[PDB]
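Chains as they are written, first to last, in the entry's author numbering: chain BS, 4 to 154; chain BB, 2 to 365; chain BZ, 2 to 95; chain BQ, 2 to 50; chain Bd, 2 to 62. Ideal Cβ positions, reconstructed from N, Cα and C, are used throughout, including at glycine. In what follows, a structure is listed as structure tokens, so that the remarks can point back to it.
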Amino acid sequence: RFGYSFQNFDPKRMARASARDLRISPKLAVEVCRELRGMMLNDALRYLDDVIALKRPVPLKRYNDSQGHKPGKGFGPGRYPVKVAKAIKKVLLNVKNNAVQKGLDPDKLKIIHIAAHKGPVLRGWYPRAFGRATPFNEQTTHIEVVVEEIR
Amino acid sequence: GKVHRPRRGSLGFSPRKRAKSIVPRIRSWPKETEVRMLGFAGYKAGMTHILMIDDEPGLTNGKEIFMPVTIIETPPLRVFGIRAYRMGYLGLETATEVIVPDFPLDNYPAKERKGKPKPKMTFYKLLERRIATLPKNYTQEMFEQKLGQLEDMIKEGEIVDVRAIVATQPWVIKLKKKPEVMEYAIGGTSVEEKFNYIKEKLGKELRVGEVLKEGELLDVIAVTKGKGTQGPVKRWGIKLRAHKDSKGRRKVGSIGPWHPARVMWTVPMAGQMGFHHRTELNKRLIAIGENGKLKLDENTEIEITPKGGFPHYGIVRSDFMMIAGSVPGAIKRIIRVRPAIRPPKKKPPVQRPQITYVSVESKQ
Amino acid sequence: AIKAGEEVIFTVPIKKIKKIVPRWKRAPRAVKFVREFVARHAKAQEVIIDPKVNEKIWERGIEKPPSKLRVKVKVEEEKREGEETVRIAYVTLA
Amino acid sequence: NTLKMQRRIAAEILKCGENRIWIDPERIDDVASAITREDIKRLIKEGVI
Amino acid sequence: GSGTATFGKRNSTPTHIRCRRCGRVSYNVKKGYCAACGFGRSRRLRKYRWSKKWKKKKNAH
RNA sequence: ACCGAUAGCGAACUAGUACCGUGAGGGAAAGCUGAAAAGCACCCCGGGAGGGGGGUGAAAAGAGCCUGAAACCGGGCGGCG
RNA sequence: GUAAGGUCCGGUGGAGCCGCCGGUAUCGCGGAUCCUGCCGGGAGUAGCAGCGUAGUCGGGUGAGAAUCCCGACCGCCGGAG
RNA sequence: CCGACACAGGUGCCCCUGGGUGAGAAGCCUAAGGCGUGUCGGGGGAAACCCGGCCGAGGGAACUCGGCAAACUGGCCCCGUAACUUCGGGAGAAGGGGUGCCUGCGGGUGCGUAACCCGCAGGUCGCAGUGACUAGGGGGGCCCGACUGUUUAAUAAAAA
RNA sequence: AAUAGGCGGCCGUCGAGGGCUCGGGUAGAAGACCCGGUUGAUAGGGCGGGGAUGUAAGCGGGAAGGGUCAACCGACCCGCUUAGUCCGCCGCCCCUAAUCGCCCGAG
Ligand SMILES: [Zn+2]
Numbered sequence: 004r005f006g007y008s009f010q011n012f013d014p015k016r017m018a019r020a021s022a023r024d025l026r027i028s029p030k031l032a033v034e035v036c037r038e039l040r041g042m043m044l045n046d047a048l049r050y051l052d053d054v055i056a057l058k059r060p061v062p063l064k065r066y067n068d069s070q071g072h073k074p075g076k077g078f079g080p081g082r083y084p085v086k087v088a089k090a091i092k093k094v095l096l097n098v099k100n101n102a103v104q105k106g107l108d109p110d111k112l113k114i115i116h117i118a119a120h121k122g123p124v125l126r127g128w129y130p131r132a133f134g135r136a137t138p139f140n141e142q143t144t145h146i147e148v149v150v151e152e153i154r
Numbered sequence: 002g003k004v005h006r007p008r009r010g011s012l013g014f015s016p017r018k019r020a021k022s023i024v025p026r027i028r029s030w031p032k033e034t035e036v037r038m039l040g041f042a043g044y045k046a047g048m049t050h051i052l053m054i055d056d057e058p059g060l061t062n063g064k065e066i067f068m069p070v071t072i073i074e075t076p077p078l079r080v081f082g083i084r085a086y087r088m089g090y091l092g093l094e095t096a097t098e099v100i101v102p103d104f105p106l107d108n109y110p111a112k113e114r115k116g117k118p119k120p121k122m123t124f125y126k127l128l129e130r131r132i133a134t135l136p137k138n139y140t141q142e143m144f145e146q147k148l149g150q151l152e153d154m155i156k157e158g159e160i161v162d163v164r165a166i167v168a169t170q171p172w173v174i175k176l177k178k179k180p181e182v183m184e185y186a187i188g189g190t191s192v193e194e195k196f197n198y199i200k201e202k203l204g205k206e207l208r209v210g211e212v213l214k215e216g217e218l219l220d221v222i223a224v225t226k227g228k229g230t231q232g233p234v235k236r237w238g239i240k241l242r243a244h245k246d247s248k249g250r251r252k253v254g255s256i257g258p259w260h261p262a263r264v265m266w267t268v269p270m271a272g273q274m275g276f277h278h279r280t281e282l283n284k285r286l287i288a289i290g291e292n293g294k295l296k297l298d299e300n301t302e303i304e305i306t307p308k309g310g311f312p313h314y315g316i317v318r319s320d321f322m323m324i325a326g327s328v329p330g331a332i333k334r335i336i337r338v339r340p341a342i343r344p345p346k347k348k349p350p351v352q353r354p355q356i357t358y359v360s361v362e363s364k365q
Numbered sequence: 002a003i004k005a006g007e008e009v010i011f012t013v014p015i016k017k018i019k020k021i022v023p024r025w026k027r028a029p030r031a032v033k034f035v036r037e038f039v040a041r042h043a044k045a046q047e048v049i050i051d052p053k054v055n056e057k058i059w060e061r062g063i064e065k066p067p068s069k070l071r072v073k074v075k076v077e078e079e080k081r082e083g084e085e086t087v088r089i090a091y092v093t094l095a
Numbered sequence: 002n003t004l005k006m007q008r009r010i011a012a013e014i015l016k017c018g019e020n021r022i023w024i025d026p027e028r029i030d031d032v033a034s035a036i037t038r039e040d041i042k043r044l045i046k047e048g049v050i
Numbered sequence: 002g003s004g005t006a007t008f009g010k011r012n013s014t015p016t017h018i019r020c021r022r023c024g025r026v027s028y029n030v031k032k033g034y035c036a037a038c039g040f041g042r043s044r045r046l047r048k049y050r051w052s053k054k055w056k057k058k059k060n061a062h
């Protein structure tokens with residue numbers, strides 16, 4: 004995957020980055036992106052740091068089966084996707100670098116578009132009772148992000 | 002019907018859910034002619050036993066018998082509000098209420114910790130722990146003007162009832178600082194007299210000795226001890242399944258027939274047990290103490306607190322009541338008492354009985 | 002508090018965690034409790050537990066850690082890497 | 002590297018179980034540097050093993 | 002018995018080994034002949050008309 | 001006047017090959033960059049995989065390479081909520 | 001155009017395609033517990049217990065250490081591991 | 001290695017095994033040798049409920065198709081031992097008493113105050129002395145088959 | 001309770017009132033709930049009270065005897081000793097930690 008789903012990208016005012024074939028949960032990636040959308044880059048990085056440190060739960064709105072609630076208001080199911088947070092943090096650092104190279108003030112960068120997709124699946128099998136072999140697969144994730152220097 | 006047995010448990014206490022508030026509510030009040038506050042509040046202290054000469058009717062009349070007692074400590078209540086009720090379309094409605102302005106607190110047990118002088122507490126500072134938003138720039142003139150307006154409405158006749166708003170004083174017994182606010186009804190048949198009683202007692206302290214009568218029956222309201230989630234065997238007392246059962250023994254056998262094609266609400270199930278709102282009737286008031294001491298024969302006074310202190314509780318320091326029997330709730334629980342709403346035809350005389358022994362030995 | 006340089010004595014009540022854990026994890030749970038207690042009370046970002054105190058905790062096997070442990074705590078400031086100042090506590094027997 | 006070959010060869014040379022071989026915890030670099038049976042014997046003589 | 006535990010006794014001498022004539026692993030070793038080409042039992046090859054195996058070799062089926 | 005890569009011989013290709021059964025025997029899947037590799041020099045970041053600039057090409061058609069549908073999933077937009 | 005369906009406009013694509021007359025056919029998809037390929041809800045759920053419940057503290061390598069290496073302590077098998 | 005597997009099965013436990021207790025290649029502890037890979041970890045009075053264990057006052061099978069499961073007894077020394085009988089047995093029938101440690105003697109084989117085993121007297125502690133581990137519950141009628149043995153590998157072990 | 005209630009107070013047209021974070025349970029499967037948070041006895045530590053077992057180690061003496069009837073060995077007993085150990089109970093003392101900090105929030 005190379006293309007982005009953003010329509011009106013402007014190279015003069017915007018920067019973009021992506022990651023492909025990440026070996027993380029696409030569901031949790033979608034959930035984290037939903038929360039990161041619309042935030043400033045620094046705020047998003049601090050958000051991810053808190054999630055990684057387990058100081059801040061991520062709410063679950065779509066994939067939340069058999070998930071317990073968390074202390075405070077708005078919870079409701081939540082969890083701490085550390086691996087997803089780490090990968091997305093690396094992508095955010097990459098896009099920050101792209102903006103800096105283009106010559107955009109890093110303190111005014113707002114995440115205008117961020118999305119996650121399901122990529123290719125790596126197949127595997129696991130043995131089970133009664134001589135049956137059963138699917139045992141990894142689902143990879145694509146991440147895309149484009150930030151804009153607001154004014 | 003082949004074999005018949007009474008149902009397991011009572012359906013009259015459903016839902017068996019956690020109590021709405023940890024502070025018990027009183028839905029009904031006794032009907033009395035004497036102008037006095039109908040009830041009191043206190044904190045559970047513990048249990049002991051006494052030996053006394055029985056006086057109520059029965060075979061054991063005039064004989065020495067064993068009786069367990071629950072001691073509950075009762076620091077005086079602060080009467081700080083008056084509320085008026087008019088008659089609405091569907092029931093009573095609150096016409097208005099008025100509370101006294103802030104005053105210095107003269108019973109706060111402050112200690113001169115090194116650095117800074119004594120804190121110099123005042124009311125509206127212990128109360129904000131419960132209300133959290135109290136009147137600002139409130140003065141005696143406006144308080145008196147509001148009281149006069151309330152009296153004027155009473156004279157006009159739109160006020161059908163009046164109640165007194167009181168707050169506990171845990172800081173006196175050094176149990177905690179956050180107070181508890183309740184409202185109590187008053188006895189009598191004239192709203193004007195009830196209002197005058199409350200007005201005379203506004204802003205003052207009230208003690209058990211001034212309201213409750215020794216030897217009379219009461220009803221005790223509190224929230225029982227919490228047990229958490231419990232299975233049907235303990236929650237409803239069902240029968241254990243046969244020992245050969247390979248799918249468990251502490252569960253109900255069948256949860257319903259084929260028709261109706263639904264699980265009925267009357268089938269025993271697991272759920273919350275304990276921490277329920279409950280009322281127990283006809284608990285006799287054996288004695289009322291003062292300052293943690295009980296006077297027996299006007300010549301020897303004994304300290305109610307057992308040796309080593311009450312388990313899980315401190316030392317009784319204020320007025321306390323000795324109720325005959327057991328009361329719902331845990332140690333330190335807030336417990337309310339009201340004059341008996343449903344006494345028997347034949348009841349014990351209203352007076353302290355003859356006590357021959359009080360157990361003050363170590364209870365731990 | 003404890004500034005860098007001086008030593009203090011603490012009495013860790015390991016007994017507070019005996020019943021909240023299965024009997025056969027009490028020793029490692031006690032080591033973790035000691036680490037948390039020392040870090041919290043000394044305001045140290047890191048704690049270094051001596052093998053001697055570890056052996057004292059493990060003396061009677063994995064099931065019977067001592068109920069109370071008297072330890073010596075010495076605090077220092079490293080200020081390494083420039084990430085503020087890091088406080089390191091050292092725990093020794095008695 | 003993983004100190005496996007050195008431990009096995011030292012046990013063989015000393016005629017004892019591998020669990021009875023002691024390696025100086027503060028000379029791991031030297032022990033790993035040793036690659037031959039001659040080097041292992043030299044370390045044994047020095048007392049590192 | 003008769004299932005998983007039975008297959009653990011396959012550590013004895015193999016029934017069939019390589020055949021010098023046809024090169025297939027079908028030489029019954031204990032009896033001394035090939036179950037595919039008949040080596041050690043006949044001079045001529047073991048060929049049957051109901052069998053398509055010898056046609057599969059030369060893609061002539 | 002045969003089929004046009006689930007078709008046509010099982011095999012358009014390292015196919016009677018891989019693989020299954022002790023054995024007799026059974027037996028697949030899998031074609032396509034571009035006219036020309038001109039198959040991305042150099043720069044920033046990342047542990048790396050890769051990402052962003054900048055180049056090549058009529059067109060990335062970028063080797064996971066002609067066209068690129070449906071089912072499914074992520075985002076934006078219009079309506080309901 | 002009643003219809004089976006035909007034709008036109010905007011976009012992608014990069015080399016073949018159709019109207020009419022007359023013939024020919026492996027000629028028309030919703031089902032066969034149909035066949036082949038791909039993807040959904042179940043689901044970030046079960047499982048990663050039971051027959052031997054084993055790790056902890058300092059140091060080391062390393063971008064990265066509950067899981068790798070060295071020392072001590074504590075344990076399992078010890079007619080079998 | 002075989003069973004589709006880094007399968008709790010099978011093949012191969014095929015050959016071999018220091019010290020204490022002890023009749024013992026039993027159980028328990030431990031030396032040598034091996035392992036922490038019968039390879040996911042962390043939290044918790046953090047419940048209900050389920051699997052595997054320990055104890056339960058008073059009664060003692062009133063439960064159940066049926067004492068199913070559990071429980072009683074349990075090693076060793078001495079006394080004592082029924083109906084019946086194919087005279088061999090039943091039989092360890094049944095039932096009763098003792099058992100630790102310490103201080104001194106006697107005895108058997110022995111050259112020996114080497115080693116192994118067998119009795120005797122005295123003092124003494126505990127609720128309990130085969131103190132853990134190991135370690136039978138018993139008796140009386142009836143039916144069937146004489147006994148040891150074999151059987152439906154994967155619901156029948158039996159009077160077949 | 002779709003007639004989706006009454007009342008006193010506080011705020012808005014910067015801001016009352018909250019959540020996370022902290023020390024603990026009158027509570028608890030996650031959530032929720034309750035008390036405390038320097039306006040302090042919430043937890044730990046020290047001291048004191050009350051408890052459960054049942055008289056610690058060490059030293060001194062006796063002990064059925066044996067021993068060269070000497071030195072020494074000896075199960076067990078007596079005194080210091082209501083001892084020693086321990087406390088998921090209570091009281092007093094700020095000695096330690098209840099800190100720094102972050103985010104909704106009507107208009
Ligand atoms: Zn052959």
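Ranked by how close their Cα comes to the Cα of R38 of chain BQ, the residues BQ:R21, BQ:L15 and BQ:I29 have BQ:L15 in first place. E57 of chain BB counts as exposed, since fewer than 16 other beta carbons sit within 10 angstroms of its beta carbon. If you check the C-beta of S43 of chain Bd against ligand 1, you find no heavy atom less than 7 Å away. Annotation: the continuous alpha helix (DSSP H) that includes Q104 of chain BS extends over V85 to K105. In this structure, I303 of chain BB places its C-beta atom within 8 Å of the C-beta atom of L297 of chain BB.
When distances are taken from the beta-carbon of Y49 of chain Bd to the heavy atoms of ligand 1, even the shortest one reaches 7 Å or more. In summary, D46 of chain BS is exposed, with fewer than 16 beta-carbon neighbours lying within 10 Å of its beta-carbon over all protein chains present. Taking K32 of chain BB as reference, the option from BB:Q352, BB:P180, BB:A288 and BB:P344 with the minimal CA-CA separation is BB:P344. Shown here, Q150 of chain BB sits in a helix according to DSSP, grouped into three states. Membership of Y50 of chain BS in the alpha helix (DSSP H) is indicated by the continuous run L44 to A56. One Cα belongs to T144 of chain BS, the other to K48 of chain Bd, and the distance between them is close to 58 Å. Under the Cβ criterion (8 Å, minimum of three pairs), the segment 20-30 of chain BZ counts as touching the segment 61-75 of chain BZ. Counting along the chain, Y44 of chain BB sits inside no alpha helix (DSSP H); it lies in the beta strand (DSSP E) bounded by residues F41 to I54. The three-state secondary structure of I18 of chain Bd, taken from DSSP, is strand.
Three or more beta-carbon pairs drawn from the segment 82-91 of chain BB and the segment 153-172 of chain BB are found closer than 8 Å, and the two stretches are therefore classed as touching. From the listed residues BZ:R71, BZ:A43 and BZ:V48, the smallest Cα separation to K16 of chain BZ is found for BZ:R71. The way I'd put it, the segment 319-336 of chain BB does touch the segment 281-293 of chain BB; three or more beta-carbon pairs between them come closer than 8 Å. Taking a cut-off of 8 Å for Cβ pairs, the segment 115-122 of chain BB and the segment 140-154 of chain BB do not touch, as fewer than three such pairs fall below it.
Counting every other CB atom within 10 Å of its CB across the protein chains shown gives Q70 of chain BS a total below 16, marking it as exposed. Using a cutoff of 7 Å, the CB of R9 of chain BQ does not count as near ligand 1, since none of the ligand's heavy atoms is closer than that. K42 of chain BQ: member of the alpha helix (DSSP H) spanning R38 to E47, first to last residue. Going by beta carbons, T49 of chain BB and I72 of chain BB fall inside the 8 Å limit. Burial check for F133 of chain BS: the Cβ neighbour count within 10 Å stays below 16, so the residue is exposed. Beta-bridge partners of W128 of chain BS (DSSP): BS:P138. A Cβ-Cβ distance of about 7 Å is found for the pair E181 of chain BB and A168 of chain BB, placing them in contact under the 8 Å criterion.
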